[PDB]
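Asks: This is final.txt (compact mmCIF, C-alpha atoms).
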# COMPACT_ATOMS: atom_id res chain seq x y z
CA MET A 1 117.51 72.81 62.41
CA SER A 2 116.26 73.93 65.83
CA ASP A 3 115.83 72.56 69.33
CA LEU A 4 114.58 73.56 72.77
CA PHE A 5 116.58 72.83 75.92
CA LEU A 6 114.77 72.56 79.26
CA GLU A 7 116.59 72.69 82.60
CA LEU A 8 114.46 71.27 85.41
CA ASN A 9 115.18 69.53 88.74
CA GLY A 10 118.91 69.90 88.15
CA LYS A 11 118.93 68.15 84.76
CA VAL A 12 119.08 69.47 81.20
CA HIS A 13 116.95 67.76 78.55
CA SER A 14 116.66 68.32 74.81
CA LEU A 15 113.07 68.38 73.57
CA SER A 16 113.95 66.68 70.28
CA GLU A 17 116.05 64.10 72.17
CA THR A 18 113.77 63.14 75.07
CA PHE A 19 110.93 62.46 72.61
CA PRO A 20 112.34 61.14 69.31
CA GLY A 21 109.12 61.80 67.39
CA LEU A 22 108.98 65.45 68.45
CA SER A 23 110.76 68.02 66.28
CA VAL A 24 110.78 71.75 67.01
CA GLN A 25 109.86 73.74 63.90
CA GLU A 26 110.12 77.37 65.02
CA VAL A 27 110.84 79.37 68.18
CA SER A 28 109.69 82.92 68.93
CA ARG A 29 109.04 85.26 71.84
CA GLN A 30 106.37 87.83 72.61
CA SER A 31 107.21 91.50 72.95
CA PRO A 32 107.66 92.96 76.44
CA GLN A 33 104.27 93.75 77.96
CA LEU A 34 104.55 97.37 79.06
CA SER A 35 101.81 98.02 81.62
CA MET A 36 101.03 101.59 82.63
CA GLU A 37 98.52 103.32 84.91
CA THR A 38 96.94 106.51 83.59
CA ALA A 39 95.19 109.21 85.61
CA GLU A 40 92.83 111.74 84.03
CA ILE A 41 92.46 115.31 85.29
CA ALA A 42 89.24 117.11 84.41
CA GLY A 43 89.88 120.34 82.53
CA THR A 44 93.23 119.19 81.11
CA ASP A 45 94.17 117.18 78.03
CA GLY A 46 95.75 113.75 77.98
CA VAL A 47 96.64 111.55 80.93
CA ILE A 48 99.37 111.39 83.57
CA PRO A 49 101.17 108.00 83.52
CA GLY A 50 102.28 106.14 86.62
CA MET A 51 105.40 104.06 86.99
CA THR A 52 105.64 101.57 84.14
CA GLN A 53 105.96 97.83 84.73
CA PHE A 54 106.56 94.73 82.61
CA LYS A 55 103.94 91.99 82.76
CA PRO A 56 104.77 88.30 82.20
CA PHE A 57 105.15 87.44 78.54
CA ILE A 58 104.97 84.34 76.33
CA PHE A 59 107.73 82.26 74.73
CA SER A 60 106.27 80.14 71.93
CA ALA A 61 107.63 77.09 70.11
CA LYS A 62 105.71 75.54 67.22
CA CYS A 63 106.53 71.87 66.63
CA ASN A 64 105.14 68.62 65.25
CA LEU A 65 104.99 65.02 66.46
CA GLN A 66 105.37 62.12 64.01
CA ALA A 67 104.57 58.91 65.86
CA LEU A 68 105.16 55.39 64.60
CA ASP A 69 101.53 54.31 65.09
CA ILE A 70 98.38 55.16 67.03
CA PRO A 71 99.46 53.58 70.36
CA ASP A 72 102.79 55.36 69.97
CA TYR A 73 100.91 58.61 69.32
CA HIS A 74 98.85 58.28 72.50
CA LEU A 75 101.90 57.24 74.53
CA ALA A 76 103.89 60.21 73.24
CA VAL A 77 101.02 62.59 74.03
CA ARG A 78 100.82 61.28 77.59
CA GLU A 79 104.60 61.43 78.00
CA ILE A 80 104.74 65.02 76.76
CA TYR A 81 101.90 66.04 79.07
CA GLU A 82 103.61 64.39 82.05
CA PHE A 83 107.02 65.88 81.28
CA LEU A 84 106.05 69.45 80.44
CA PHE A 85 103.54 70.16 83.22
CA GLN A 86 105.46 70.23 86.50
CA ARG A 87 104.40 71.99 89.69
CA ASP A 88 107.44 74.32 89.73
CA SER A 89 108.98 76.70 87.22
CA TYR A 90 111.93 75.63 85.08
CA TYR A 91 114.38 77.22 82.68
CA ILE A 92 114.29 76.98 78.88
CA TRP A 93 116.45 78.18 76.00
CA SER A 94 117.10 77.54 72.31
CA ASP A 95 120.11 76.80 70.13
CA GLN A 96 119.53 79.98 68.12
CA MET A 97 120.32 82.11 71.20
CA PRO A 98 122.01 79.64 73.57
CA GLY A 99 123.36 82.33 75.89
CA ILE A 100 119.98 83.48 77.24
CA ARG A 101 117.40 81.47 79.19
CA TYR A 102 113.87 82.12 80.46
CA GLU A 103 112.46 80.87 83.77
CA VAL A 104 108.96 79.82 82.76
CA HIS A 105 105.78 77.97 83.71
CA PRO A 106 104.04 75.84 81.06
CA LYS A 107 100.86 77.09 79.41
CA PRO A 108 97.92 74.97 78.21
CA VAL A 109 98.45 73.54 74.72
CA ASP A 110 96.28 71.54 72.32
CA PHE A 111 97.38 68.78 69.95
CA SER A 112 96.02 69.27 66.43
CA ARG A 113 95.73 65.67 65.23
CA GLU A 114 96.09 65.90 61.45
CA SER A 115 96.52 62.20 60.65
CA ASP A 116 96.57 58.94 62.60
CA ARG A 117 100.25 59.48 63.48
CA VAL A 118 100.92 63.21 62.89
CA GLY A 119 100.04 65.99 65.30
CA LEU A 120 101.00 69.67 65.23
CA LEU A 121 101.25 71.71 68.41
CA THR A 122 102.49 75.06 69.73
CA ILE A 123 103.98 74.92 73.22
CA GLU A 124 103.68 78.25 75.03
CA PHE A 125 105.57 79.17 78.20
CA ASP A 126 104.74 82.01 80.58
CA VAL A 127 107.86 83.96 81.51
CA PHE A 128 106.40 85.29 84.76
CA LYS A 129 109.37 87.38 85.91
CA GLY A 130 108.91 89.74 82.96
CA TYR A 131 112.50 89.42 81.75
CA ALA A 132 115.08 87.01 80.40
CA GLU A 133 118.42 86.32 82.05
CA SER A 134 121.85 84.90 81.34
CA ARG A 135 122.46 81.18 81.76
CA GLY A 136 124.40 81.87 84.97
CA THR A 137 125.43 84.54 87.43
CA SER A 138 128.33 86.96 87.00
CA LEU A 139 130.73 84.70 88.92
CA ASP A 140 129.57 81.61 87.01
CA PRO A 141 132.19 80.55 84.42
CA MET A 142 129.36 79.20 82.25
CA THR A 143 127.94 82.70 81.70
CA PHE A 144 130.94 83.92 79.68
CA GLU A 145 131.62 80.56 78.01
CA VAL A 146 128.72 79.81 75.65
CA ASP A 147 127.83 83.09 73.85
CA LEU A 148 126.64 86.63 74.58
CA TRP A 149 126.29 89.33 71.91
CA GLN A 150 125.79 92.99 72.81
CA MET A 151 125.73 95.91 70.33
CA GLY A 152 127.35 93.67 67.73
CA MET A 153 130.17 92.53 70.03
CA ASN A 154 130.61 89.21 71.83
CA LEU A 155 130.94 89.50 75.61
CA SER A 156 132.25 85.92 75.90
CA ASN A 157 135.60 87.08 74.47
CA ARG A 158 136.08 90.31 76.43
CA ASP A 159 138.90 90.04 78.96
CA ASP A 160 138.26 93.27 80.91
CA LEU A 161 135.14 91.96 82.70
CA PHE A 162 136.04 91.15 86.31
CA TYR A 163 133.76 90.72 89.32
CA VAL A 164 136.27 90.04 92.12
CA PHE A 165 138.23 93.09 93.24
CA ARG A 166 141.04 93.76 95.70
CA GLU A 167 141.41 97.56 95.50
CA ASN A 168 139.24 100.31 96.99
CA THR A 169 138.04 101.95 93.75
CA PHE A 170 137.00 99.95 90.70
CA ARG A 171 134.37 99.53 87.97
CA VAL A 172 131.70 96.84 87.62
CA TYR A 173 130.06 96.09 84.27
CA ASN A 174 126.37 95.17 84.30
CA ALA A 175 125.72 93.83 80.80
CA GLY A 176 121.97 93.44 81.29
CA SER A 177 119.29 95.38 79.47
CA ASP A 178 118.27 97.38 82.56
CA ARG A 179 119.33 98.27 86.08
CA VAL A 180 119.67 95.48 88.65
CA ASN A 181 117.73 96.42 91.79
CA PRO A 182 117.26 94.10 94.81
CA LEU A 183 114.09 96.01 95.72
CA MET A 184 112.57 94.68 92.48
CA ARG A 185 113.12 91.11 93.75
CA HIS A 186 116.23 90.80 91.58
CA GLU A 187 119.12 88.53 92.54
CA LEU A 188 122.27 90.36 93.66
CA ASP A 189 124.91 89.19 96.14
CA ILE A 190 127.90 91.22 97.34
CA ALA A 191 130.53 89.42 99.44
CA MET A 192 133.19 91.44 101.24
CA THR A 193 136.13 90.62 103.51
CA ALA A 194 138.25 93.45 104.92
CA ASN A 195 139.41 95.10 108.15
CA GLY A 196 137.83 98.19 109.68
CA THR A 197 134.53 100.02 109.20
CA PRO A 198 133.22 99.38 105.66
CA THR A 199 131.53 101.97 103.48
CA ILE A 200 130.56 101.22 99.87
CA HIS A 201 129.67 104.03 97.46
CA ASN A 202 128.15 103.51 94.02
CA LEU A 203 129.08 106.86 92.47
CA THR A 204 127.35 106.09 89.16
CA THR A 205 124.00 105.61 90.89
CA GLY A 206 124.98 107.69 93.93
CA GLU A 207 124.05 104.98 96.44
CA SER A 208 125.75 104.15 99.72
CA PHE A 209 125.86 101.32 102.25
CA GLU A 210 127.64 101.66 105.59
CA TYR A 211 128.23 99.23 108.46
CA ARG A 212 128.76 100.91 111.83
CA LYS A 213 130.95 98.24 113.46
CA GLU A 214 134.56 97.14 113.16
CA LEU A 215 135.24 94.22 110.83
CA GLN A 216 137.96 91.58 110.68
CA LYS A 217 139.42 89.68 107.73
CA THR A 218 137.84 86.41 108.90
CA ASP A 219 134.39 88.06 109.02
CA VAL A 220 132.48 87.98 105.73
CA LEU A 221 129.86 90.66 105.06
CA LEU A 222 127.28 89.43 102.55
CA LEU A 223 124.57 91.69 101.14
CA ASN A 224 121.93 89.45 99.56
CA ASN A 225 118.70 90.97 98.26
CA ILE A 226 117.63 93.47 100.93
CA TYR A 227 119.44 91.79 103.83
CA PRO A 228 123.01 92.31 105.10
CA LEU A 229 124.59 89.43 107.00
CA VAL A 230 127.80 89.06 108.99
CA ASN A 231 128.85 85.40 109.27
CA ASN A 232 125.34 84.40 108.15
CA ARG A 233 123.60 86.56 110.77
CA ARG A 234 121.22 89.44 110.11
CA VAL A 235 122.87 92.63 111.38
CA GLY A 236 120.58 95.20 109.77
CA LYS A 237 120.19 97.15 113.02
CA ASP A 238 123.86 98.24 112.85
CA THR A 239 123.72 99.53 109.25
CA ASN A 240 122.04 102.39 107.40
CA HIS A 241 119.72 99.95 105.58
CA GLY A 242 121.33 100.96 102.30
CA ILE A 243 120.55 99.17 99.05
CA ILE A 244 123.17 98.95 96.30
CA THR A 245 121.86 98.83 92.73
CA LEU A 246 123.79 98.31 89.50
CA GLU A 247 122.91 100.51 86.53
CA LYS A 248 123.33 99.62 82.87
CA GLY A 249 126.93 99.50 81.72
CA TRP A 250 129.79 100.64 83.94
CA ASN A 251 129.25 101.48 87.61
CA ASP A 252 132.09 103.14 89.51
CA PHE A 253 132.49 101.79 93.05
CA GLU A 254 134.50 103.35 95.87
CA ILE A 255 135.34 101.58 99.14
CA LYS A 256 136.25 103.65 102.19
CA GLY A 257 136.94 102.93 105.84
CA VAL A 258 138.66 99.55 105.36
CA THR A 259 141.95 98.10 104.15
CA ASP A 260 142.89 94.77 102.55
CA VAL A 261 139.44 94.56 100.97
CA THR A 262 138.31 91.61 98.85
CA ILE A 263 134.90 92.15 97.25
CA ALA A 264 132.94 89.93 94.85
CA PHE A 265 129.71 90.58 92.95
CA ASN A 266 127.47 87.61 92.10
CA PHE A 267 124.36 88.44 90.06
CA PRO A 268 122.71 87.40 86.79
CA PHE A 269 122.16 89.80 83.93
CA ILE A 270 118.63 90.97 83.15
CA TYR A 271 117.43 91.15 79.54
CA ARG A 272 114.18 92.70 78.33
CA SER B 127 95.30 80.67 135.21
CA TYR B 128 97.16 83.97 134.95
CA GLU B 129 100.79 85.06 134.80
CA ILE B 130 102.29 88.55 135.07
CA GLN B 131 105.53 89.59 133.36
CA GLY B 132 106.52 93.21 133.84
CA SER B 133 106.26 96.18 136.19
CA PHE B 134 103.04 98.11 136.73
CA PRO B 135 102.06 101.05 138.95
CA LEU B 136 99.44 101.13 141.69
CA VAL B 137 95.91 102.24 140.77
CA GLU B 138 93.22 103.39 143.20
CA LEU B 139 89.75 102.00 142.51
CA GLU B 140 86.26 102.13 144.02
CA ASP B 141 84.19 99.09 145.08
CA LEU B 142 86.10 96.61 142.96
CA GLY B 143 84.05 93.52 142.09
CA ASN B 144 80.53 92.64 140.95
CA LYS B 145 81.81 91.97 137.43
CA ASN B 146 82.66 88.99 135.26
CA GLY B 147 86.21 87.87 134.57
CA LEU B 148 86.50 89.55 131.17
CA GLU B 149 85.28 92.90 132.53
CA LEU B 150 87.92 92.84 135.27
CA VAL B 151 90.61 91.79 132.79
CA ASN B 152 89.67 94.69 130.51
CA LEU B 153 89.72 97.02 133.53
CA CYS B 154 93.24 95.82 134.36
CA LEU B 155 94.37 96.33 130.77
CA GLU B 156 92.91 99.84 130.63
CA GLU B 157 94.20 100.96 134.04
CA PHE B 158 97.63 99.34 134.45
CA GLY B 159 98.45 99.64 130.75
CA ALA B 160 99.09 95.92 130.28
CA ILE B 161 98.92 93.73 127.18
CA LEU B 162 97.08 90.41 127.36
CA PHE B 163 98.07 87.34 125.36
CA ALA B 164 96.63 83.89 125.99
CA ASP B 165 98.22 80.47 125.61
CA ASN B 166 94.83 78.76 125.40
CA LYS B 167 93.52 79.06 128.97
CA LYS B 168 96.65 80.67 130.48
CA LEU B 169 96.58 84.47 130.29
CA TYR B 170 99.92 86.29 130.28
CA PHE B 171 99.92 90.01 131.11
CA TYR B 172 102.96 91.90 129.82
CA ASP B 173 103.90 95.57 129.80
CA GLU B 174 105.04 97.62 126.82
CA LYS B 175 108.72 96.95 127.55
CA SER B 176 108.44 93.15 127.74
CA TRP B 177 105.75 92.68 125.08
CA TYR B 178 107.45 93.85 121.88
CA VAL B 179 110.55 91.95 120.75
CA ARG B 180 112.87 93.47 118.16
CA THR B 181 113.38 91.50 114.94
CA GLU B 182 115.56 91.87 111.86
CA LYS B 183 112.61 91.44 109.49
CA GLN B 184 111.75 94.69 107.74
CA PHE B 185 109.03 96.17 105.53
CA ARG B 186 110.44 97.53 102.27
CA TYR B 187 108.65 99.49 99.57
CA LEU B 188 108.30 97.71 96.20
CA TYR B 189 109.80 94.58 97.80
CA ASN B 190 107.15 92.98 100.03
CA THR B 191 104.46 95.67 100.39
CA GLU B 192 101.71 96.67 97.97
CA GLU B 193 99.41 99.31 99.52
CA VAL B 194 100.41 101.55 102.43
CA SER B 195 97.86 103.91 103.98
CA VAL B 196 98.21 106.54 106.70
CA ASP B 197 95.14 108.09 108.34
CA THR B 198 95.85 111.37 110.14
CA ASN B 199 93.31 113.28 112.24
CA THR B 200 93.72 116.58 114.10
CA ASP B 201 90.19 117.17 115.36
CA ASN B 202 91.33 116.65 118.97
CA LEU B 203 94.67 118.48 118.67
CA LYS B 204 94.76 120.35 121.99
CA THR B 205 97.79 121.89 123.70
CA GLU B 206 96.20 123.54 126.76
CA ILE B 207 93.82 122.35 129.47
CA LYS B 208 92.36 123.58 132.76
CA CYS B 209 91.54 121.17 135.59
CA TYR B 210 89.92 121.50 139.00
CA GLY B 211 90.58 119.31 142.03
CA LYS B 212 88.20 118.44 144.84
CA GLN B 213 85.51 120.79 146.14
CA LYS B 214 85.96 122.80 149.33
CA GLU B 215 83.43 122.42 152.12
CA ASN B 216 82.56 126.14 151.93
CA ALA B 217 82.08 125.97 148.17
CA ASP B 218 78.85 127.98 148.24
CA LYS B 219 80.49 130.55 150.54
CA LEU B 220 83.51 130.89 148.21
CA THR B 221 83.81 132.35 144.72
CA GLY B 222 85.69 131.30 141.60
CA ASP B 223 88.59 128.87 141.60
CA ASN B 224 88.69 129.23 145.40
CA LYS B 225 85.92 126.60 145.42
CA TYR B 226 88.66 124.01 144.76
CA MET B 227 91.92 123.52 146.63
CA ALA B 228 93.51 122.31 143.37
CA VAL B 229 93.14 124.35 140.17
CA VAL B 230 95.84 123.98 137.52
CA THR B 231 96.34 124.90 133.87
CA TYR B 232 98.62 122.62 131.84
CA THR B 233 100.18 123.79 128.57
CA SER B 234 102.01 121.30 126.37
CA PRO B 235 105.30 122.30 124.71
CA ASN B 236 103.79 121.35 121.34
CA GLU B 237 101.95 124.69 121.53
CA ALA B 238 105.14 126.18 120.08
CA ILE B 239 104.29 124.29 116.88
CA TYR B 240 100.48 124.66 117.00
CA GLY B 241 99.67 127.68 119.19
CA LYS B 242 97.16 127.68 122.01
CA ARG B 243 94.42 125.08 121.51
CA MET B 244 92.66 124.83 124.85
CA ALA B 245 90.02 122.15 125.41
CA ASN B 246 86.98 121.86 127.65
CA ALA B 247 87.85 121.71 131.34
CA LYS B 248 87.91 118.31 133.04
CA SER B 249 87.13 117.96 136.75
CA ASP B 250 88.46 115.30 139.13
CA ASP B 251 86.84 115.37 142.58
CA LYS B 252 89.13 112.82 144.25
Just dump the structure as structure tokens.

Replies:
Amino acid sequence: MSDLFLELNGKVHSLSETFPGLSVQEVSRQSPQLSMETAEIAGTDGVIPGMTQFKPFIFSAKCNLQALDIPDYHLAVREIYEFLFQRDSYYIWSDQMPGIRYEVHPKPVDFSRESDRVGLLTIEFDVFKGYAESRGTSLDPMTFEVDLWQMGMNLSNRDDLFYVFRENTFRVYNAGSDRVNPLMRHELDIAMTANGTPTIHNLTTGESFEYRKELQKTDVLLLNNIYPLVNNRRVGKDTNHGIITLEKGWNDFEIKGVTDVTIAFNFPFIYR
Amino acid sequence: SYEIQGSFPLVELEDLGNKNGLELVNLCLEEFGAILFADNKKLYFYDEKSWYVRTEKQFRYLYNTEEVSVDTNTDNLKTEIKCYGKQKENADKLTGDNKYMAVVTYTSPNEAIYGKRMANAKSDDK
């Protein structure tokens, strides 16, 4: 059997449960849409490609509706149309791969009325961010509690994955399919509490972020997206405007200039 | 109504008047180096120091910008100039730069990066 779970407005619904007549037959996803810009030079062969990108793709679910009678069929059609088509994006996933969800917008569908009470349909969802993601962030206990398989191994059972650190040098594991970069409108939060002048070095990616003022243990430095904040106040003028990105796999982090440092990484994994 | 917020130097002008309000406002902006912003019918005149206010918002590549263009022109790149002051009363009786009590040649330091690029002489007779 199969089902489709939709998280919207803070509530999780099952497609086969909200509408008893509806039953999901099959679930599939489109391939990543690699978009590329090519430039041609006269007198030379081939093309020069620009930076590649990933266009929004399509998550499809073919299903059927078996109503009790004609009024039930029309009522179910109206209910499905009302429920599916909201004005804001919502998350979806399936029981086959429960550990990964897609933030989608509904696509137009058409009911293929076969009989007076039976109608087949194929619900398509536009994943407009170009990637899938885990059901929660790194600090979310739900993320490592349902399932996550990578290279034939389950990440929900690994005990060496930590995202809150107290030392000055450590390693952070990004289990996503590609590098996490705030400049790409990805979600990445780094919360730090220490004493002194902080300086964070990502040796794996060779990145650096420095704050040019003294810090106290009761002052929390939070780097969210492209903005650093101290006690929820933008202090970008006193930094080097550094951006910290997490590469695939293990990233080695070194903290210098402070003591008694507590640092936490909160970000969702990115899957292609 | 008008309000002034800033410090501006003194400018010497000839026969001020005989113009509409907008012409005089533009003259003030061009001469005193002010910036005009209007709250409906109330015109505030700032200077460069008091006009711009620093903000933490930033423009980042690949984050919130799509196309960035820079137009650079060096047709008027000049690092040297010669200027003449007023004219002496015995201008016809005198020869050369002696016709003016004030003759000066200004050379910008940027010549060290561009060499001598002297422009056509400008004359101020006041």

Asks: Write out as CSV a residue-level contact list of chain A versus chain B with cut-off 10 Å: for each qualifying residue the closest pair of atoms and the distance in Å to one decimal, counting only C-alpha atoms, rows sorted by chain and residue number upward.

Replies:
residue,atom,partner,partner_atom,distance
A:182,CA,B:189,CA,8.1
A:183,CA,B:189,CA,5.0
A:184,CA,B:189,CA,6.0
A:185,CA,B:189,CA,6.3
A:186,CA,B:189,CA,9.7
A:225,CA,B:189,CA,9.6
A:226,CA,B:186,CA,8.4
A:227,CA,B:183,CA,8.9
A:233,CA,B:182,CA,9.7
A:234,CA,B:182,CA,6.4
A:235,CA,B:182,CA,7.4
A:236,CA,B:182,CA,6.4
A:237,CA,B:182,CA,7.1
A:241,CA,B:184,CA,9.8

Asks: So how many Å separate CA of residue 200 in chain B and CA of residue 238 in chain B, to one decimal?

Replies: 16.1 Å

Asks: Give me the residues near residue 93 in chain A as a VMD selection string, where near means some atom within 6 Å (using only C-alpha atoms) and where sequence neighbours in that chain fewer than 2 positions away do not count.

Replies: chain A and resid 4 to 5 101

Asks: Might you pull out every residue within 10 Å of residue 249 in chain B, with only C-alpha atoms counted and same-chain residues fewer than 5 positions away left off, and present them as a ChimeraX atom specification?

Replies: /B:208-213,229

Asks: Can you work out the spacing between CA of residue 134 in chain A and CA of residue 176 in chain A in Å, to one decimal?

Replies: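 For CA of residue 134 in chain A relative to CA of residue 176 in chain A, the distance reads 8.5 Å.
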
Asks: Hey, which of A:190, A:8, A:230, A:109 ends up closest to residue 87 in chain A? Count all atoms listed in the file.

Replies: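 For residue 87 in chain A, the nearest of the given residues is A:8.
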
Asks: Mind giving me the straight-line distance from CA of residue 179 in chain A to CA of residue 156 in chain A in Å, one decimal?

Replies: 20.6 Å

Asks: In the coordinate frame of the file, compute which residues have an atom within 12 Å of (105.4, 96.5, 132.1) when using only C-alpha atoms, and state them as a list in words.

Replies: residues 130, 131, 132, 133, 134, 135, 155, 158, 159, 160, 161, 162, 170, 171, 172, 173, 174, 175, 176, 177 and 178 of chain B

Asks: Write the residues of the preceding selection, restricted to C-alpha atoms, as a PDB file, in the coordinates of the input.

Replies:
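So part.pdb came out as:
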ATOM      1  CA  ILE B 130     102.290  88.550 135.070  1.00  0.00           C
ATOM      2  CA  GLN B 131     105.530  89.590 133.360  1.00  0.00           C
ATOM      3  CA  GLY B 132     106.520  93.210 133.840  1.00  0.00           C
ATOM      4  CA  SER B 133     106.260  96.180 136.190  1.00  0.00           C
ATOM      5  CA  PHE B 134     103.040  98.110 136.730  1.00  0.00           C
ATOM      6  CA  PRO B 135     102.060 101.050 138.950  1.00  0.00           C
ATOM      7  CA  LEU B 155      94.370  96.330 130.770  1.00  0.00           C
ATOM      8  CA  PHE B 158      97.630  99.340 134.450  1.00  0.00           C
ATOM      9  CA  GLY B 159      98.450  99.640 130.750  1.00  0.00           C
ATOM     10  CA  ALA B 160      99.090  95.920 130.280  1.00  0.00           C
ATOM     11  CA  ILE B 161      98.920  93.730 127.180  1.00  0.00           C
ATOM     12  CA  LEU B 162      97.080  90.410 127.360  1.00  0.00           C
ATOM     13  CA  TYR B 170      99.920  86.290 130.280  1.00  0.00           C
ATOM     14  CA  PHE B 171      99.920  90.010 131.110  1.00  0.00           C
ATOM     15  CA  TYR B 172     102.960  91.900 129.820  1.00  0.00           C
ATOM     16  CA  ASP B 173     103.900  95.570 129.800  1.00  0.00           C
ATOM     17  CA  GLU B 174     105.040  97.620 126.820  1.00  0.00           C
ATOM     18  CA  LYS B 175     108.720  96.950 127.550  1.00  0.00           C
ATOM     19  CA  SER B 176     108.440  93.150 127.740  1.00  0.00           C
ATOM     20  CA  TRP B 177     105.750  92.680 125.080  1.00  0.00           C
ATOM     21  CA  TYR B 178     107.450  93.850 121.880  1.00  0.00           C
TER      22      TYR B 178
END

Asks: Given only C-alpha atoms as the basis, pick out the residue of A:147, A:265, A:132, A:121 nearest to residue 189 in chain A.

Replies: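 Among the listed residues, the smallest separation from residue 189 in chain A belongs to A:265.
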
Asks: Write out as a PDB file with C-alpha atoms, keeping the file's coordinate frame each polymer residue whose atoms come within 6 Å of residue 214 in chain B, counting all atoms listed in the file; drop sequence neighbours fewer than 3 positions from it.

Replies:
ATOM      1  CA  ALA B 217      82.080 125.970 148.170  1.00  0.00           C
ATOM      2  CA  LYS B 225      85.920 126.600 145.420  1.00  0.00           C
ATOM      3  CA  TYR B 226      88.660 124.010 144.760  1.00  0.00           C
TER       4      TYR B 226
END

Asks: Give me the residues within 12 Å of residue 214 in chain A as a list in words, counting only C-alpha atoms and dropping any in the same chain fewer than 5 places off.

Replies: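 My reading of the contact set: residues 193, 194, 195, 196, 197, 198, 199, 219, 220, 221, 230, 238, 239, 257, 258 and 259 of chain A.
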
Asks: B:146, B:166, B:231, B:205: which is nearest residue 248 in chain B, counting all atoms listed in the file?

Replies: B:231

Asks: In the coordinate frame of the file, compute which residues have an atom within 7 Å of (113.6, 74.3, 66.8) when using only C-alpha atoms, and state them as a ChimeraX atom specification.

Replies: /A:1-4,23-27

Asks: Which residues are close to residue 104 in chain A, i.e. within 7 Å by all atoms listed in the file, leaving aside same-chain residues fewer than 5 positions away? Reply as a list in words.

Replies: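 My reading of the contact set: residues 89, 90, 91, 125, 126, 127 and 128 of chain A.
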
Asks: With distances taken over all atoms listed in the file, which of A:256, A:187, A:154, A:251 is nearest to residue 209 in chain A?

Replies: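 Smallest separation from residue 209 in chain A among the options: A:256.
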
Asks: Please, what is the axis-aligned box for every listed atom of range 144-149 of chain B with 5 Å on each side, as centre and edge lengths in Å to one decimal, as JSON?

Replies:
{"center_x": 83.5, "center_y": 90.4, "center_z": 136.1, "size_x": 16.0, "size_y": 15.0, "size_z": 19.8}
